[PDB]
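Numbering (the authors' numbering), first residue to last: 10 to 315.
Even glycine gets a Cβ: it sits at the ideal position worked out from N, Cα and C.
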Amino acid sequence: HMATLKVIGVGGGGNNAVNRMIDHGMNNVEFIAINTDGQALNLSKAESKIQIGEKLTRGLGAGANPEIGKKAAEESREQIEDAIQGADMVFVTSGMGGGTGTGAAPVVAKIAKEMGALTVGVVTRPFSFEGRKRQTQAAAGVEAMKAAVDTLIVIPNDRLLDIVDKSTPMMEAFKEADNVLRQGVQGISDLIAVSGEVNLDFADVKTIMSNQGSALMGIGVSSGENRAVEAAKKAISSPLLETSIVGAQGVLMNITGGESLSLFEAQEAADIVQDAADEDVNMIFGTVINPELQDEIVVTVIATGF
Ligand SMILES: Nc1nc2c(ncn2[C@@H]2O[C@H](COP(=O)(O)OP(=O)(O)O)[C@@H](O)[C@H]2O)c(=O)[nH]1
Ligand SMILES: C#Cc1cnc2sc(COc3ccc(F)c(C(N)=O)c3F)nc2c1
Ligand SMILES: [Ca+2]
């Protein structure tokens with residue numbers, strides 16, 4: 010079994026994330042670009058492109074109307090099904106609050122879920138500066154996504170205002186939000202590809218993520234003194250995420266280290282995660298020894314069930 014991973018961008022923001030991932034380079038993941046806007050879709054370098062709602066929009070976008078996004082996806086349901094064929098896991102990425110993402114992404118997610126794919130949504134909420142209507146439409150989108158996916162990661166764009174200085178380029182800030190998705194997809198790909206000393210596989214991912222509501226995914230890297238605790242704290246930190254570690258009922262945790270990785274420090278890291286999570290948490294713990302590493306330790310967490 011080698012799980013087939015697909016990343017599906019829906020609407021402008023979703024496709025922006027996909028494009029930036031394709032530019033970065035990601036092996037053994039299929040990218041699918043879905044949009045109403047044919048002009049934007051033409052510029053994508055995704056190898057699978059689905060223009061939805063041509064009869065409805067005439068190749069334009071949804072004009073920020075979620076009803077148009079929804080009806081567009083429904084018009085093109087068979088083409089979406091065809092593109093998803095074979096997927097074992099689907100990441101649906103979209104900016105909530107517009108028309109295409111808000112309306113179409115839940116339709117796409119439901120199609121993926123009903124084909125049996127582990128279906129993870131990774132969506133943004135609008136900046137407060139975009140106004141109340143955008144925020145209200147986005148909230149309806151988030152609720153529709155929750156109903157359609159196995160697990161949902163929400164990135165409030167307002168959180169980007171917490172990680173910039175007054176001069177940080179907007180595109181650099183956007184790359185930080187895109188990195189949430191990138192790290193999660195890369196992380197799952199790495200888990201499926203590599204045999205661990207205490208091995209985690211796709212069935213473990215499914216146990217933690219299938220039908221499990223909100224999710225946090227995180228990665229932390231450290232070295233030197235107190236490296237395990239520092240890496241674990243970085244992994245569970247969620248400056249950009251709506252959902253924090255507190256009260257998690259399911260956790261997939263991995264530690265990657267060199268040959269120096271100690272039992273004591275593995276316990277230290279796991280204890281950091283446990284102290285935060287629910288008393289009856291289903292923790293699935295893994296470890297990898299990468300002898301190419303010297304003093305680096307990597308802690309990764311997927312936390313669900315809130
Ligand atoms: N972080 C981030 N948010 C975006 C990006 N593009 C759009 N957004 C957000 O996504 C929302 C919907 O925009 P968009 O996806 O272009 O609309 P749609 O094509 O009608 O789905 C906007 O209101 C923004 O909050 C992006 O590249 N990065
Ligand atoms: C963000 C994030 C995030 C979340 N979860 C994960 S899990 C991951 C990779 O974990 C890995 C990689 C290689 C392995 F052999 C193993 C294993 N123990 O079998 C593993 F869990 N990377 C991330 C990254
Ligand atoms: Ca593995």
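Residues sharing a beta bridge with residue i, DSSP
i	result
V129	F100, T160
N291	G259
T309	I228, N263
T109	Answer is none; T109 lacks a bridge partner.
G18	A42, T102
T296	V207, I264
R134	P165
Contact set for residue i: own chain, Cβ-Cβ below 6 Å, skip 5 residues either direction
i	result
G150	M105, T111
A147	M105, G106, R134, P135
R143	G106, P135
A182	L169, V173
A71	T45, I77, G78, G108, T109
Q192	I228
Proximity of residue i and residue j at Cβ, strictly below 7 Å
i	j	result
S232	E301	no
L127	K184	no
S137	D174	no
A278	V230	no
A237	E274	yes
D280	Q258	no
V297	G205	yes
Cβ distance (whole Å) where residue i is taken to contact residue j below 8 Å
i	j	result
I311	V260	7 Å
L209	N263	6 Å
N299	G256	In fact, because the Cβ distance is near 32 Å, the residues do not count as touching under 8 Å.
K15	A96	5 Å
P165	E39	That pair is no contact at about 28 Å.
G23	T145	With a Cβ gap of about 20 Å, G23 and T145 do not count as contacting.
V27	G18	4 Å
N220	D159	6 Å
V129	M218	6 Å
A12	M98	6 Å
Beta-carbon contacts of residue i that lie in its chain and below 7 Å, excluding the five residues immediately before and after
i	result
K80	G62, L65
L50	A42, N44, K58, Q60
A92	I41, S57, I59
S85	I59, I61, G62
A113	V19, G20, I43, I61, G78, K79, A81, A82
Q88	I59
Residue i beta carbon near ligand 5 (any heavy atom closer than 6 Å)
i	result
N299	Of the ligands one can find in the structure shown, namely ligand 1, ligand 2 and ligand 3, none is ligand 5.
Residues near residue i by beta carbon distance below 8 Å, same chain, minus five either side
i	result
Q195	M35
task: With a floor of 3 residues, list each beta strand (DSSP E) that falls wholly inside the segment 180 to 264, ordered by position along the chain.
output: DSSP runs (the beta strand (DSSP E)) wholly in the segment 180 to 264: 222 to 232.
- request: Give, in chain order, every unbroken run of the alpha helix (DSSP H) that is at least 4 residues long and sits entirely within the segment 29 to 71.
  value: Runs of the alpha helix (DSSP H) inside the segment 29 to 71: 47 to 52, 63 to 66.
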